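First the proteins, then the strands, lettered A, B, ... as listed; each starts at 1.
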Amino acid sequence: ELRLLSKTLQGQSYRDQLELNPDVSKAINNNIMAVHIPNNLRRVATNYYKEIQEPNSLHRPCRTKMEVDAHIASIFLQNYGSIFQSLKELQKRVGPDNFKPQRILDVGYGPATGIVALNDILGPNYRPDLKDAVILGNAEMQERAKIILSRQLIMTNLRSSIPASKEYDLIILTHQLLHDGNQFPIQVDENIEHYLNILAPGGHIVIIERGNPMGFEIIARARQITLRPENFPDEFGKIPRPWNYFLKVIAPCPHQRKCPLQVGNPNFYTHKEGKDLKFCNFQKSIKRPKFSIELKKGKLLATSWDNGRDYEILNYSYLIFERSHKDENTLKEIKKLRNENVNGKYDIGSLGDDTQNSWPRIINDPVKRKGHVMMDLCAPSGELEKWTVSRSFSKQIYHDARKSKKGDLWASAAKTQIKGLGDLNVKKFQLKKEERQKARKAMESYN
Amino acid sequence: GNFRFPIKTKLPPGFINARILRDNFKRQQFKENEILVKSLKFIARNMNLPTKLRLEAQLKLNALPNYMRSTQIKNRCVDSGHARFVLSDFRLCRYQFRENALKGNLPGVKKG
RNA sequence: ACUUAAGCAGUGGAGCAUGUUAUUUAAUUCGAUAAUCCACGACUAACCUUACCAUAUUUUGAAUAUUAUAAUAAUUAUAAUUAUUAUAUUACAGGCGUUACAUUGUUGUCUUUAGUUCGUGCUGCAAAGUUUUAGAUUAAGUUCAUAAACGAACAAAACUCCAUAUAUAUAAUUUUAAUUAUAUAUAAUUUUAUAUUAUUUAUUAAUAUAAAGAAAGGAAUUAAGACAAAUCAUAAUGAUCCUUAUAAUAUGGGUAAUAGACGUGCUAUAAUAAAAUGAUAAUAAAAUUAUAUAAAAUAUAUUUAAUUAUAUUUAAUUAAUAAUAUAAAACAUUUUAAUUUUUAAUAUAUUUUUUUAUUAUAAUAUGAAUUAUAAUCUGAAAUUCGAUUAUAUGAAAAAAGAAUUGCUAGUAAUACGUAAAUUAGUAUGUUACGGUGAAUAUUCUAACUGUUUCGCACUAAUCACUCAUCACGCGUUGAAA
Ligand code: SF4
Ligand SMILES: [Mg+2]
Ligand SMILES: [Mg+2]
Ligand SMILES: [Mg+2]
Ligand SMILES: [Mg+2]
Ligand SMILES: [Mg+2]
Ligand SMILES: [Mg+2]
């Protein structure tokens, strides 16, 4: 008789496993690899993988044609999964009604990948005005991108660079905010400043990155520069934020204060004192198509470089902003809501607005023991919280909590609500002359 | 409800956890009711006896509580209480066996 | 030089078993998640185990201590103290709660272990260095040699321990296996002699040939760094959380659900191979039996008997004694679909268990999944959900391939069996034990390690350091209508 609440269902993130469109996968397996003997495709894919194992490395545009084929074979799947999950999140958190964008820009290294994901998400009847798609790495990626997009039903415009005379209302960025291991803090600023100029009022920007500590640091910096948390202290909740221009975080963040997990420099993760550091990433599972299953075979991609699955778990970090509209109403509305709305210090345990926009974010796999569920949340209080839901507190809420997963929004109260210790190893991030003088002093003291 | 089991039973002298207490209680009550269980089983399993006597004996057998059942006794490690990989020669789980054997606690046991 | 590559021997498209995952579920207890791959423990999940779910029920609970009471025994001089047991009392106990709960520790893996310190001595003003040497040799630190160095301690080696061969002792040779057992000791890290090759010239090494030998294998034994690990079930401590419940008990349910995907194993897909039979009983080892083991016999399936499976009855033995238990492959005969390569009728023969002539004459007599019926076994209980037998049923599985396993060895392989642990009961798993007993040769590639050459503005040591930029001020100086 006990079932999930409608509120809890609203808080849940898209749970189903990912799968490519059957037409897209069949086309890929038939054309993009059937002309290739597996061994050399595996060789090039191994080359690409080995240069992204390096800690806090970055993705890299496909230089050559064989690299185009290899990228579609090996890197396309997880990029598609990340964009699909991010777009489902956006659609749900703005309501499926308000998400009918007409001016679409997708920028990434793979084929038109946010475009095919958007096609899958909004169905075969979605036929918007403009479906620009800039492909960076190579010209030949565009031809196979047309091959992919043919099997979905073309009005997708495959470019090599951003058209520079138009705004957009849905922009997708995949691995685009950084290109150098060094240069890291400021290239993010430059790149986001570039794409925010072309974000139409009311539009969405969806940023997706690798899902490793470097990727999380990129999203954290991109969040910080857009928001300026330090410039609006004691401002809880989500109000659009200046950057006539305003923008608000939709997902995954339930607040606009300082990210609790951010330590500025990615290199701290590499040390032996930042090994307990935590970073904000999210996981999904995606079925392996045949061409993927047939690729990862042999001593190159199947052994341990020093049972299989039918799916891959992809890690990714992501961020979503909306730009406000332009109107005398909206402007003065933001001013008044910032002026006379003392929303109050959102204390630990608060749910904020008790809507999608302020519900806590589950950012760790909850621990589910008999009669109690422990969740690590990024709360709307700007902080990192640990909530325990027990049966004795409430049968219904415990029932809902026992099915919650990482990446959901937790929409219900809990009994025990304490400060999470995931940020413990964060705050903790001339002697030569003293040694010399002490040496001489002790040496003259022995006498 | 001072005692968790229906019949007061002395604690074992060594390591204790709830599972050791449950097993020890079942062992004590099996000892106490073994003759009754065997007599009832004999009455039930003797085809020379009338069918009503046999059915009555079987009914009384099914009516007995779980702590008289021989099949419910499980050998646990006397040192840790674990119920897997228990060597009956020492009543120890395999790890506790190795620890005690290397400490010289087990008489006669040597590294091979 | 791990790895690759080559060669040899396999396994490998199906069914089932067993795991993991996905989905499902009240629960399907728990396990991975920084982009090649990879969530994966079971010496036994019906109840128990159990950690999970449902429903009931318990509330100082398993502990220690305090304070009262109610008895019960000992002692005072009759009350009292002393103890023991119950009841209550509250500090609490309890926690398969938390690793996004941190420390040590420990454990695993990997790199290095002829090297690290100390003492003297020697060189340089000194910090430092200790010099041949980037030595020879071996598969290997293996075996040697050498130097302004020489020692010591550890480490390595020797040593030690198994095994093997031999000697002594022991056994009243019916606990018999004296072809044995198990104590002690010995042996080898083998040695000698020539010849040819090389040599740092022999008193060296290798090969060959002789000589003496039984002599041919294996294990353990220290530290130092790096990373991983909370079924860390290799702990302890601490922190934090629950305290009518995140503790505790009972009944039933689940862990056994089924779209998929994959790992491992078992049985197969027939003739260098399966089946049946083989009684003065072809030929083993290593284990087990007081929380047993089950002999022979009898009865039923069942058919003269045998075989096989149960039941009845429990002989012996708690064991060098008796039992589990007559090892099995091997070997011999017979049989075997595809196969008209056969069977049968007549003749026929100096092939007679046979020959000849003329006539007729893709799944089997492979495989054993699934299912039906009737029995049996253990257990209190076999419904979810166990094992066995009989009568039926009789599926997939034929061709070629990714893929992978192991590699001189008493190893692989074996339609060779045998035993034990964990059980009341169930092994195709694990660990042991013996029987039979092979093939092949290694062009290649190599992370990584150790020596080295060279440079060095770095020394918390390149995630280094300097240089330069941009802003903010506070100075100083110069030229000036
Ligand atoms: S959800 Fe929270 S932890 Fe994650 S990026 Fe946003 S603010 Fe940071
Ligand atoms: Mg049992
Ligand atoms: Mg159970
Ligand atoms: Mg139960
Ligand atoms: Mg405690
Ligand atoms: Mg518990
Ligand atoms: Mg048959």
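Under a stacking criterion requiring six-membered ring centres under 5.5 Å apart and planes under 30°, the adjacent bases C:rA468 and C:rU469 are classed as stacked. Under the 5.5 Å centre and 30° plane thresholds, the six-membered base rings of C:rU98 and C:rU99 are judged not to be stacked.
A:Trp410 meets the side-chain hydrogen bond (donor to acceptor under 3.5 Å, both in side chains) test with no other residue; sequence neighbours excluded. Residues that satisfy the side chain to side chain contact (heavy atoms under 4.5 Å, CB included) test with A:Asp423, not counting sequence neighbours, are A:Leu384, A:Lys419, A:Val426.
At C:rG41, none of the side-chain N or O atoms of B:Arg84 fall inside 4.0 Å of OP1 or OP2 (strictly under the cut-off). OP1 or OP2 of C:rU422 sits under 4.0 Å from a side-chain N or O of B:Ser88. The phosphate of C:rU4 has OP1 or OP2 within less than 4.0 Å of a side-chain N or O from A:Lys299. Under 4.0 angstrom from either OP1 or OP2 of C:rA35 there lies no side-chain N or O belonging to A:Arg288. Residue A:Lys297 has no polar side-chain atom (N or O) positioned under 4.0 Å from OP1 or OP2 of C:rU404. Within the 4.0 Å cut-off from OP1 or OP2 of C:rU33, not a single side-chain nitrogen or oxygen of A:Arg309 is found. Taking 4.0 angstrom as the limit, B:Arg98 places none of its side-chain polar atoms (N or O) nearer than this to OP1 or OP2 of C:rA235. Using a 4.0 Å cut-off, no side-chain N or O of A:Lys368 falls inside it from OP1 or OP2 of C:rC52. Put simply, A:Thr416 has a side-chain N or O that comes within less than 4.0 Å of OP1 or OP2 on C:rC242. OP1 or OP2 of C:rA51 lies within a sub-4.0 Å distance of a side-chain N or O belonging to B:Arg22. Not one side-chain nitrogen or oxygen of A:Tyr49 sits closer than 4.0 Å to the OP1 or OP2 atom of C:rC37. Here B:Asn24 does not reach the OP1 or OP2 of C:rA62: none of its side-chain N or O atoms lies under 4.0 Å away. Phosphate proximity of C:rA250 to B:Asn66: present, with a side-chain N or O under 4.0 Å from OP1 or OP2.
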Please tabulate, one pair per line, each protein N/O and nucleotide N/O from nucleotides 87-96 of chain C that are separated by under 3.5 Å, including the distance.
{"residue": "C:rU87", "atom": "OP1", "partner": "B:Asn2", "partner atom": "ND2", "Å": "2.4"}

Heteroatom pairs (N/O) under 3.5 angstrom, protein to nucleotides 64-72 of chain C:
none

Heteroatom pairs (N/O) under 3.5 angstrom, protein to nucleotides 223-227 of chain C:
{"residue": "C:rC227", "atom": "OP1", "partner": "A:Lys272", "partner atom": "NZ", "Å": "3.1"}
{"residue": "C:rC227", "atom": "OP2", "partner": "A:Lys272", "partner atom": "NZ", "Å": "2.4"}

So which protein N/O to nucleotides 459-462 of chain C N/O distances come out below 3.5 Å?
none

Please write out the pairs of protein N or O atoms and N or O atoms of nucleotides 286-289 of chain C separated by less than 3.5 Å, giving the distance to one decimal.
none

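Looking only at atom types and distance, the side chain of A:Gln283 has no donor-acceptor partner in the side chain of A:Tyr316 under 3.5 Å away. Checking B:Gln58 against B:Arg45 by side-chain atom types alone, a donor-acceptor pair falls below 3.5 Å. Side-chain contact check for B:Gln28 and B:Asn24: at least one donor-acceptor pair (N or O, by modelled atom type) lies under 3.5 Å. Side-chain contact check for A:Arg210 and A:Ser82: no donor-acceptor pair (N or O, by modelled atom type) lies under 3.5 Å.
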Using residues 294-308 of chain A as the side-chain source, report each donor-acceptor pair under 3.5 Å to any protein atom, sequence neighbours left out, with the distance given to one decimal.
{"residue": "A:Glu294", "atom": "OE2", "partner": "A:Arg42", "partner atom": "NH2", "Å": "3.3"}
{"residue": "A:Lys296", "atom": "NZ", "partner": "A:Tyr49", "partner atom": "OH", "Å": "3.1"}
{"residue": "A:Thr303", "atom": "OG1", "partner": "A:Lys299", "partner atom": "O", "Å": "2.6"}
{"residue": "A:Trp305", "atom": "NE1", "partner": "A:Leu300", "partner atom": "O", "Å": "2.3"}

Return a table of donor-acceptor pairs under 3.5 angstrom between the side chains of residues 73-81 of chain A and protein atoms on other chains or two or more places apart.
{"residue": "A:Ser74", "atom": "OG", "partner": "A:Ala70", "partner atom": "O", "Å": "2.8"}
{"residue": "A:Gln78", "atom": "NE2", "partner": "A:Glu312", "partner atom": "OE1", "Å": "3.0"}
{"residue": "A:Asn79", "atom": "ND2", "partner": "A:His175", "partner atom": "ND1", "Å": "3.2"}
{"residue": "A:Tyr80", "atom": "OH", "partner": "A:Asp120", "partner atom": "OD2", "Å": "2.2"}

Exercise answer: donor-acceptor pairs, residues 76-91 of chain B side-chain atoms, under 3.5 Å, sequence neighbours excluded:
{"residue": "B:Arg76", "atom": "NE", "partner": "B:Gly81", "partner atom": "O", "Å": "2.7"}
{"residue": "B:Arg76", "atom": "NH2", "partner": "B:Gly81", "partner atom": "O", "Å": "2.8"}

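Base orientation for C:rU186: anti, the chi torsion being more than 90° from 0.
Salt-bridge formation is not detected for the pair A:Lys438/A:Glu444: no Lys NZ or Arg NE/NH1/NH2 atom is positioned less than 4.0 Å from an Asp or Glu carboxylate oxygen.
Between the base of C:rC242 and the side chain of A:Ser390 there is no donor-acceptor pair shorter than 3.5 Å.
The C1'-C2'-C3'-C4' torsion of C:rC150 is positive, which assigns its sugar to the north, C3'-endo side. Pucker assignment for C:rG394 gives south. The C1'-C2'-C3'-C4' angle has a negative sign.
A side-chain donor-acceptor contact under 3.5 Å links A:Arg228 to the backbone of A:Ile225. Put simply, the side chain of A:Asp408 gets close to the backbone of A:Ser13: a donor and an acceptor are under 3.5 Å apart.
For the pair B:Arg22/B:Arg4, no side-chain contact is recorded, criterion being any heavy-atom separation below 4.5 Å from C-beta on.
Taking the ring centroids of A:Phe282 and A:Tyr318, they lie under the 6.0 Å cut-off.
Pairing between C:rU391 and C:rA268: absent (Watson-Crick or G-U wobble, both distances under 3.5 Å). No Watson-Crick or G-U wobble pair links C:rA284 with C:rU201 with both defining distances under 3.5 Å.
Stacking between A:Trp305 and the base of C:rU36 is present: ring centres sit under 5.5 Å apart and the planes differ by under 30 degrees.
RNA chain C is contacted by A:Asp310, A:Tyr311, A:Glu312, A:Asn315 of residues 310-318 of chain A, taking any non-hydrogen atom closer than 4.0 Å.
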- Going 5' to 3' through nucleotides 379-389 of chain C and flagging B where a protein heavy-atom sits under 4.0 Å of the base, S where only the sugar-phosphate is that close, and - otherwise, we get SBB--------

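Between C:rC242, C:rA100, C:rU36, one nucleotide has an atom nearer to the side chain of A:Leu261 than all others, and that is C:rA100.
C:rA165 and C:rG135: their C1' atoms are spaced 43 Å apart (whole Å).
We find that CD1 of A:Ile286 is positioned 17 Å from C1' of C:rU21, with the value rounded to whole Å.
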